[PDB]
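Here's a solo chain for you in structure tokens, the form deposited in one PDB entry.
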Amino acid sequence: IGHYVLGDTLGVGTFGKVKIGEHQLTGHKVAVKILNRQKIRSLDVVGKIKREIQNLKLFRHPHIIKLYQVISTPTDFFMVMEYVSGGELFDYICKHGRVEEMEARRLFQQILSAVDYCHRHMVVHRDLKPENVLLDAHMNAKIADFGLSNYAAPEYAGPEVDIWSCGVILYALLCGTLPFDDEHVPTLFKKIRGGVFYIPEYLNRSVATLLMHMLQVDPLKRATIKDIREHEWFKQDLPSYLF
């Protein structure tokens, strides 16, 4: 409708819908987050969202969805962002299976560097969830920002909760299944609070020591960004442009 033709609805968020936008001349596809101004005013997060968008504009990380422009109308806010073609990562895992060891390490390094970048450059937060991790045309991980615009850890905390989530995403990459999964809801939290997760034969021992630390119950005893950056398995074939 504006600037870019508006097509099919991708999803429906809290502040409003998110649709696809094709270019009227070139055919370039973008993702438009439509945020309702009245809904923002009713939620008393006017300054919170305005400062979040200002912080997202100065964001420059290739494994995070970039914000191009924000068009303002008296009814809604139009966040023009990059369209990630291949949907969610976890959608690919359950449909295809497990990813190879050196390929899962490639995706993990892209995910962790992005998570760390978000915590040191964002005012407001939502805990990271496998919903945020998306896959592009080049099969690279693209993470959505932890803001108001868009199986929890044991145990307010920000990076500590996300490191545990990175451990869940890491497990799913070289296993195909989740580290903790049970049909019964009370026993699911019991496995998490106990840190009991199955370790497969095909899994390496160096990554097993990293996974054990990342999925630690006590957040004080749990691995930090520096702890993972100093680990042998994570350091192997890690690109210099990150961190």
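Here, rigid core means the biggest group of C-alpha atoms that superpose within 1.5 Å across both forms. Note that residue numbering follows the sequence shown and begins at 1.
Beyond the structure shown, there is the form deposited in another entry, which is absent from this document and is the topic of what follows.
Superposing on the rigid core, which residue among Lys48, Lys29, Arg193, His213 shifts its Cα by at least 2 Å between this form and the one not shown? Once the cores are aligned, the residue moving by 2 Å or more is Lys48.
Quick one: once the rigid core is lined up, does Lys39 have its C-alpha move by 2 Å or more between this form and the one not shown? Indeed, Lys39 is displaced by 2 Å or more.
Aligning on the rigid core, do we see the C-alpha of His125 shift 2 angstroms or more between this form and the one not shown? Passes the 2 Å threshold, so yes.
Since the CA distance of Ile228 and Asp145 differs by 3 Å or more in the other form, is it closer or farther than in the form displayed? Relative to this form, farther apart in the other form.
Indicate closer or farther: the Cα atoms of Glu88 and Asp145, in the other form, relative to the displayed form, with a change of 3 Å or more. It is closer: in the other form, the C-alpha atoms of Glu88 and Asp145 lie at least 3 Å nearer than they do here.
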